[PDB]
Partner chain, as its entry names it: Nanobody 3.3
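A single chain, nothing else alongside it, follows as structure tokens in the form deposited without the partner chain.
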């Protein structure tokens, strides 16, 4: 019953996220293969990704539910092929901006990937499926990560062929997405009112509020944890270690996601308790990374933070899916992701941008830990009052 769509979507999300070039993305397109400058790379190529992500998330939650979640997934499969074909056979800054654009399309449609499996299975499985889905994606990343390192350490395989393997992987994901079962059929202000009825759930305007604010800080930590590690321990082994300490971290997240799916625990009443415990765990882990001048303890702190976040976000997605009581699975996921990315953009503007605070990475993770400490504090105080 639920097994067939779940296996196909897990295969799609595995082969679509098994990307060996993701770690060595910067070495690929800043070395002899492309000679993109580091000045033109993070100031002209990468910033296009956030804008494309925003302006393509705008249709994705408006129109994903109407199209029954498969054409957007298929659009991700095609955009995966186009993105890595353009990376693989593209030259110049203008081309990589288009690459970024298609990557933003890829992620805005990965939102639909997350919603689709809820669109096809009964709510009784919504827990299990949830973990499995997230797990496979994380697992895929870890696989790709380690595979990349292996292909750089035992085969001396260039970044070009890593991108070739990435294209081969995401092309198989397109074939798996072609086999996904089609879900069965279900002015401006009116639409807004519908949104009000969609978010009306007490435990879904709360879980969504956690989703909106937690993943922004999580993305920020993902982006600048490499910089934090480089600052804490300057060494010549960052290429084989840093990404390697984020390969197992992701693996931990995977297990954490697989923790939600496998075990049969009533999350409806442990949801608040688990939310507050793992949010204060995220805060303590982020403070652990900043305060200790030892990269071995900071690695464990990052692993704990990533695992607890992945478990919490799996719980959040599951609880939003079951308590939604409307078909708008991608509308809530899409709007949550869009608001989270808006918060991430605003806060990365204030804290790390030159025109803002321009805080170094020494205080950046103190700020991130304070921010998460604030999310944990709001949920902790709200839960304490209710009781």
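For the two forms, the rigid core is made up of the largest set of C-alpha atoms that agree within 1.5 Å on superposition. Residue numbers count along the first chain shown, from 1.
Among the other PDB entries of this protein that were compared and that flank it with modelled residues, residue 196 is left unmodelled in a third or more. Residue-level annotation: residue 187 lacks coordinates in a third or more of the other entries compared, counting only those that model residues on either side of it. In the deposited sequence, the stretch from residue 186 to residue 187 hides 10 or more residues that have no coordinates.
This next part talks about the form deposited with the partner chain bound, which is not shown.
Within this chain, residue 356 lines the site of the partner chain in the bound PDB entry, having a heavy atom no more than 4.5 Å away.
Within 4.5 Å of any heavy atom of the partner chain in the bound PDB entry lies no heavy atom of residue 203. For the chain shown alone, residue 263 is not a contact residue for the partner chain in the bound PDB entry, no non-hydrogen atom being within 4.5 angstroms.
At the 4.5 Å threshold, heavy atoms of residue 363 reach the partner chain in the bound PDB entry.
For the partner chain in the bound PDB entry, the listed stretch (252-260, 209-217, 87-95, 283-291) containing residues with heavy atoms inside 4.5 Å is 87-95. With contact defined as any non-hydrogen atom lying within 4.5 angstroms of the partner chain in the bound PDB entry, the contacting residues in 29-53 are 34, 35, 36, 37, 39, 40, 44, given in sequence order. Looking at CA displacements between this form and the one not shown with the core superposed, a shift of 2 Å or more is confined, among 41, 339, 48, 67, to 339. A displacement of less than 2 angstroms separates the C-alpha positions of residue 8 between this form and the one not shown, with the rigid core held in common.
The two forms, fitted on the rigid core, differ between this form and the one not shown by less than 2 Å at the CA of residue 84. After superposition on the rigid core, the Cα of residue 348 moves by 2 Å or more between this form and the one not shown.
The pair residue 208 and residue 126 is at least 3 angstroms farther apart at the CA level in the bound PDB entry than in the present model. A shift of at least 3 angstroms pushes the Cα atoms of residue 126 and residue 305 further from each other in the bound PDB entry than in the displayed structure.
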